[PDB]
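Chemist: Pasting the sequence and an experimental structure:
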Amino acid sequence: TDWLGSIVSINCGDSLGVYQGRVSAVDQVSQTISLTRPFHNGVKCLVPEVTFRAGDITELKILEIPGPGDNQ
């Protein structure tokens with residue numbers, strides 16, 4: 001759950017491409033990671049939260065590390 005509060009770029013492979021955003025949630029049981037207000041193709045997604053399975057991610061880039069405070 002260490003990714004929480006970071007800003008990341010998540011590549012989901014050829015079919016969905018790349019999403020960038022703040023990590024708002026991490027679910028260790030379902031093995032997912034949620035981005036709030038993510039961008040895709042240089043534009044803000046219309047949906048405010050998108051949740052990805054870790055097993056679908058081909059590359060995770062850490063754009064900003066979490067800050068030292070409450071990231072929940």
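Modeler: Alright, I've got the coordinates. Numbering: from 1, shown residues only.
Chemist: Contact partners for the residue nearest to the spatial centre of the chain?
Modeler: By C-alpha atoms, centre = their mean, the chain has its centre lying nearest to residue 35, at 4.1 Å. Contact partners of residue 35, counting by C-beta atoms under 8 Å, 6 or more residues apart in numbering, are 8, 10, 19-24, 49-52. All C-beta atoms are positioned from the backbone trio N, CA, C, and that covers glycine.
Chemist: Which one of those is nearest to residue 39?
Modeler: Using C-beta to C-beta, residue 20 comes nearest to residue 39 of the contacts of residue 35, at 4.8 Å.
Chemist: Now do the same for that closest one: helix, strand or coil?
Modeler: Secondary structure state of residue 20, per DSSP: H, G, I helix; E, B strand; the rest coil, is strand.
Chemist: Can you get me a residue count around it?
Modeler: 18 (other C-beta atoms under 10 Å).
Chemist: Next, count neighbours for the residue nearest to residue 5 when sequence neighbours are not counted.
Modeler: The spatial neighbour of residue 5 that comes closest, neighbours along the chain excluded (C-beta to C-beta, 6 or more residues apart in numbering), is residue 71 at 2.8 Å. Neighbour count of residue 71, defined by other C-beta under 10 Å: 16.
Chemist: Checking my notes, residue 71 in a strand, right?
Modeler: No: applying three-state DSSP, one finds residue 71 to be coil, outside a strand.
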